[PDB]
Structure formats: C-alpha cells, structure tokens
C-alpha cells in the first residue's frame, strides 16, 4: 500500500478515537480541537489518546499508528524525523525506538517499531489491551518527535495520524485518522486556526 487509506471505518468492534479534556493554555503540552478534528501537541511530550471498542477484537489484535501527509501532492513521501532531531542527542540516548520514527509509544515494553520493506513506511504497534475494570477507554501514550515545521522533515506540511485496529495477520478491523500538528505553542495555533475557520 504505497498510499494508505485514511477513511473512517468503525468495523465489527466500533473502533472510536477520542481525546480527553485538555488545557486551553497557550503553550499547553497538547490540545485537541473537535471543530478542526486536529490534534495539537509539543515535541516529545506525552499525548494520551483514547480508543474505544464495543466488543473486544481476537487474541493477538493490536493498535497501529502511522503518520501520513495531508496534501495530495506530498502523500507519496514517508514521514520521518528531520536529520537534526534524528542525529541529535535529545531523546535518543538509550532508546529502543529507532531515532527515525516520527511517532513513539510511551510506557510500553511491548511496543514494536515497523519499517516496511515494500512501502518503506514507519509505524509503531502495540498489542491491544482491554480497558482495566471500571475504565471505559484504553489509553495509548504517544509521542511525536519532530515539529510539523521542521525543515528537512515535515517542513510545515500538515499530516494526518492513522490509528488502525489490526488482526495479528494484518487484517484491518477498524481505522480512525485525525490531523496532527506538532508545534511549540498549541493553545495559540489552535485558537488561530479556529478563528480563521470562521470561513
């Protein structure tokens, strides 16, 4: 799949991706704009994402996160960290994650980082865990290692984050995508975006 699909597909387990209530602070670690279906967050901060499933998926089921560029002109490029953050010492000493992936998982020994031999795509996968008793959602901790504005990397090009519920073989059970923007001042760039969504 040179161009992975971003179509919403709830599927047999009704896969839903939601965000908790976040800070309205100008430079909060992360905020979500329901209006824009757009995640804002800062580089290397913990982003908690919320999944929901109606009926649990099969043993060996898992969650996949792949970034993809928004604009049709740039969809064919694999999304990676820019050279500066990849080679730089920040967040790279003693890390299992390959220094090249844009998306990391936090707080999970069982995270596996996939480098597709055919497509070249990079993505991070964790085995599905059912919510703990009393809890409604399962929470995956995501980190994004580059700014959307990084030159040599994303280079101010918006991306979309594809979360995919898969079967151990690879069979997609559900799919959700949202816009992702890594920036320094999320509260600011959200308010600017919405004020200009008046049109």
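What we label the rigid core is the largest C-alpha set whose atoms superpose within 1.5 Å from one form to the other. Numbering follows the first chain given and starts at 1.
Relative to the displayed structure, the C-alphas of 89 to 97 lie farther away on average in 7 other deposited structures of this protein than those of the other candidate, with 116 to 124 and 89 to 97 compared after rigid core superposition. Choosing between 43 to 51 and 25 to 33, the greater Cα displacement from the shown form in 7 other deposited structures of this protein, fitted by the core, goes with 25 to 33.
For the pair 89 to 97 and 124 to 132, the mean Cα B-factor is higher in 89 to 97. Across the two stretches, 43 to 51 and 169 to 177, the PDB entry reports the greater mean Cα temperature factor for 169 to 177. The entry lists a Cα temperature factor for residue 116 that places it in the highest third of the chain's modelled residues. Sort the modelled residues of the chain by CA B factor and residue 34 lands in the middle third.
For residue 102, the recorded CA temperature factor ranks within the lowest third of the chain's modelled residues. Ranked against the other modelled residues of its chain, the C-alpha B-factor of residue 61 as given in the entry falls in the highest third.
Sort the chain's modelled residues by C-alpha temperature factor and residue 72 lands in the highest third, per the entry.
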